[PDB]
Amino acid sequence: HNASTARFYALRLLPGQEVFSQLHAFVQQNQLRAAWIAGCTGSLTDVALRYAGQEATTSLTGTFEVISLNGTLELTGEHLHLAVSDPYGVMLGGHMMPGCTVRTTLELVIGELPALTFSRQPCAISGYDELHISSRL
């Protein structure tokens, strides 16, 4: 039924740290196999996003607040989306890429589903490696 209890972790990233690398380090340290971002708040200086249907990554630098950071992650993969707001309330969003740097802080609550395992397997329909959910066993 792809059901499972959940174990949660709370963490705070520091100024200057790059988000993707830190999330991967956390996933590795705790050997998370089926995790997702359950909650997130903070700020960024550098932002790296890949807009819908775009192949290239867009790099931005400024004063940004993280409005939402959603998605799944595991030992060998992830799929995260980010939305940020600037000093005038304007928001931008897309597929989060490596390169986002913490401004003052990034608070996160990450959930792990012990009974499941996430992997990225080729989907003949979309043509990309998509989320595959199987029992941890």
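The first residue of the sequence shown is number 1, and the count goes up from there.
Trainee: Averaging CA B factors per stretch from the PDB record, which one is higher: 105-113 or 91-99?
Mentor: Mean CA B-factor is higher for 91-99.
Trainee: Do the C-alpha atoms of 117-125 or of 6-14 have the higher average B factor in the entry?
Mentor: Looking at the record's C-alpha B-factors, the answer is 117-125.
Trainee: Taking the Cα B-factors listed in the entry, which of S85, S43, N70, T76 comes out highest?
Mentor: Comparing C-alpha B-factors across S85, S43, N70, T76, the maximum falls on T76.
Trainee: How does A38 rank on Cα B-factor within its chain, lowest, middle or highest third?
Mentor: Lowest third of the chain for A38's C-alpha B-factor.
Trainee: Among the modelled residues of its chain, does the C-alpha B-factor of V27 lie in the lowest, middle or highest third?
Mentor: For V27, the deposited C-alpha B-factor lands in the middle third.
Trainee: Considering only modelled residues of the same chain, in which third does the CA B-factor of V47 rank: lowest, middle or highest?
Mentor: Middle third of the chain for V47's C-alpha B-factor.
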